[PDB]
Amino acid sequence: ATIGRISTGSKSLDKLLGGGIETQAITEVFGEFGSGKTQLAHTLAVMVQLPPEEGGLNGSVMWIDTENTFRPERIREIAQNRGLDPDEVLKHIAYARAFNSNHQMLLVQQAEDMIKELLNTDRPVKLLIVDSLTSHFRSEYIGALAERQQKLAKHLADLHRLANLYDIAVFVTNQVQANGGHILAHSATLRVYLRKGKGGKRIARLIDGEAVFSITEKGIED
Ligand SMILES: Oc1cc2ccccc2cc1O
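The rules behind the values
- Residues numbered from 1 in each chain as written, not as in the entry; some residues may be left out.
- Heavy atoms only, no water.
- Helix = DSSP H or I, 4+ residues; strand = E, 2+ residues; numbered from the N terminus.
- Contact = heavy atoms within 4.5 Å.
- Polar contact = N/O pair within 3.5 Å; in protein donor to acceptor, adjacent residues only side chain to side chain.
- Axes fitted to C-alpha atoms, helices over the stretch in contact; angles between N-to-C directions.
- Parallel < 35°, antiparallel > 145°, perpendicular 65-115°, else oblique.
- Nonpolar A, V, L, I, M, F, W, Y, C, P; charged D, E, K, R; others polar.
- Buried < 20%, exposed > 50% of the residue type's maximum accessible area, 1.4 Å probe, protein only.
- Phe/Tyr/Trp six-rings, centres within 6.5 Å; stacked < 30°, edge-to-face > 60°.
- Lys, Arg positive; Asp, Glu negative; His and termini not counted.
- Salt bridge = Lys/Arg side-chain N within 4 Å of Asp/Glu carboxyl O.
- Pairing = 2+ DSSP bridges.
- Near = heavy atom within 4 Å.
- Areas by Shrake-Rupley, 256 points an atom, 1.4 Å probe, with all protein chains shown as cover.

As recorded in the PDB entry, the protein goes by RadA and comes from Pyrococcus furiosus. Per the PDB header, the entry is named "HumRadA1.2 soaked with napht-2,3-diol overnight 10 mM".

Structure, rendered in structure tokens:
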């Protein structure tokens, strides 16, 4: 398949990304608590449902939530302010809460079943969100970094296999703050550092110019 792009909702961020986040890729956004990573995830879950003329892929979404941070009412707001029907937008987001890191790993295998079911339809899965990808692994493997890296590596390999095999954009979030971080090392296809700036602006930079955007009723925008 050709590489598809999903607009983030922000012209500035899209330019930094070359048009949007890519299918057949894992995009990792990392930054401190409150930097806006989950807002970007919510926005992408709407944007992907637009037609290509508007920066989407007419796609369905799968969302693995590890922190109980998915907000359907926020999806509704973004959809209503992106000219979509909120009920339809929510009906094309498959949502699961990961209870721990092992269940999170099983959910990726389960996601493949729904991906296959939708593959030849008019609304194939085009976006798989894992938010937060690292939070369970971090809390469960304190003092056991070597084992944590083994399990994370297999998890990321599973996510790569889905992105490439089924032409999906995988979007993952990673909280990194004071003294913290191996990030995801070199595993993602693309690392985006997100931070707060003056006056509530958010600033994004590719790791390995900068885009500037705001969080609004449209999700994010310039
Ligand atoms: O109904 C489902 C929703 C999911 C969401 C995320 C990952 C896997 C899922 C599997 C389902 O059957």
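**A closer look at the environment of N81**
When you line up the elements, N81 lands in the loop between helix 3 (72-80) and helix 4 (86-91). When sequence neighbours within four positions are dropped, the list of residues in contact with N81 reads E217 and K218. A polar contact is formed between the side chain of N81 and the backbone oxygen of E77, at a distance of 2.9 Å.

**Observations concerning the packing of helix 5 (residues 101-118) against helix 7 (residues 145-166)**
Remark: helix 5 packs on helix 7, axes separated minimally by 10 Å, with the N-to-C direction vectors making an angle of 10 degrees. What the angle tells us is that helix 5 and helix 7 run roughly parallel. Each of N102, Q104, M105, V108, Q109, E112, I115 and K116 in helix 5 lies in contact with helix 7, whose residues at this interface are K151, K154, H155, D158, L159, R161, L162, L165 and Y166. Across the contact of helix 5 with helix 7, the residue classes break down as seven nonpolar, four polar and six charged.

**Description of the environment of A153**
By secondary structure assignment, the location of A153 is in helix 7. Since its relative accessible area comes to 44%, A153 is described here as partly exposed. Along the backbone, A153 and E73 are 80 residues apart, and their C-alpha atoms lie at a distance of 34 Å.

**Digging into the packing of aromatic side chains**
The tally for this structure, following the rule as stated, stands at three aromatic pairs. Pairing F30 with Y193 gives two aromatic rings, centres 5.5 Å apart and planes at 20 degrees, and the pair type is stacked. Taken together, the positions of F30 in strand 3 (residues 25-31) and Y193 in strand 8 (residues 190-196) put the pair 163 residues apart, joining distant regions of the chain. Among the residues examined, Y193 registers a relative accessible area of 29% and is labelled partly exposed.

**A short note on the side chain of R82**
Structurally, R82 is set in the loop between helix 3 and helix 4. Despite its burial, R82 pairs with no opposite charge, the nearest such side chain being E221 at 5.8 Å. Not counting residues within four places of it along the chain, the set of residues in contact with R82 comprises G9, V46, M47, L50, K218, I220 and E221.

**Some points on the side chain of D14**
Relative to the elements of secondary structure, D14 occurs in helix 1 (residues 11-16). Buried charge without a partner: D14 forms no salt bridge, and the closest opposite charge is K11, 6.9 Å away. Excluding anything up to four places from it in sequence, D14 contacts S7, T8, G9, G19 and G20.

**Considerations on the pairing of strand 6 (residues 125-131)**
Of all seven residues in strand 6, seven are buried, a share of seventy percent or more. As judged from the four bridges shared by strand 6 and strand 7 (residues 169-175), these two strands associate in the parallel manner. Across the sheet, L128 pairs through a bridge with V170, a residue of strand 7.

**Quick look at the site of the ligand**
The environment of the ligand is made up of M62, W63, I64, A94, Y95, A96, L107 and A111. Protein contact buries 72% of the 300 Å² of open area that the ligand shows by itself. Mapped by element, the contributors of at least two residues to the shell around the ligand are strand 4 (60-65), strand 5 (93-97) and helix 5. In terms of residue class, the shell around the ligand is made up of eight nonpolar, no polar and no charged.

**Looking at the sheet that holds strand 6**
With mixed pairing, the nine strands of this open sheet are ordered in space as 5-4-6-7-3-8-9-10-11. This sheet does not close on itself; its edge strands, each paired only once, are strand 5 and strand 11 (219-221). Pairwise comparison of adjacent strand axes, ignoring direction, gives a mean angle of 25 degrees for this sheet. By the bridge criterion, four bridges tie strand 3 to strand 8 in an arrangement that is parallel. Each bridged residue has a counterpart across the sheet, and for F30 the counterpart in strand 8 is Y193. Against the sheet, helix 2 (residues 37-47) touches strand 3, strand 4, strand 5, strand 6, strand 7, strand 8, strand 10 (211-216) and strand 11, its axis set at about 165 degrees to strand 7. Most of the contacts of helix 5 go to strand 4, to which it runs at about 170 degrees, and overall it touches strand 4, strand 5 and strand 6.

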